[PDB]
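> this one's a deposited entry, sequence included:
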Amino acid sequence: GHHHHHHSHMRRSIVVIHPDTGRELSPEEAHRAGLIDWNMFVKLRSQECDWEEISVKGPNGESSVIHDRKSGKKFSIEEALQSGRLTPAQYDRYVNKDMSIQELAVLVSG
């Protein structure tokens, strides 16, 4: 038997189409191309999110960490169960695939 790494990754991105080159631009690039003003840029960003949950399944059992790829913050699940921000009632839903990566993010993140 060998270690398994379970990745549950979800992402929401937005692309801005150039009127002429029809090229896909990132809110960032659109802003530099003057296709959008600073506040629409912020607005657009606030709508993006990138979360990834990685369950290391080994010999001891399952270790699990969820990462906010947008902010760079990480959250131990065991550390969330211990500290109580996550109830073994909700963890069970995630484990049983009845809770999204985002619903779980919110629980442990804020």
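Arrived safely. Numbering: from 1, shown residues only.

> ok, residue 6 - contacts?
54, 55, 56, 57 (C-beta atoms under 8 Å, 6 or more residues apart in numbering). (C-beta placed from N, C-alpha, C; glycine too.)

> again, only this time at 10 Å
53, 54, 55, 56, 57, 62, 64 (C-beta atoms under 10 Å, 6 or more residues apart in numbering).

> so how far is residue 54 from it?
In this view, residue 6 and residue 54 are 7 Å apart by C-beta to C-beta, to the nearest Å.

> next: residue 102.
In terms of C-beta to C-beta, residue 102 sits 16 Å off from residue 54.

> have a look at the two and say which one is more surrounded.
residue 54 (16 against 13; other C-beta atoms under 10 Å).

> the more buried one sits in which helix or strand?
Element membership of residue 54 [criterion: DSSP states H and E] is strand 49-57.
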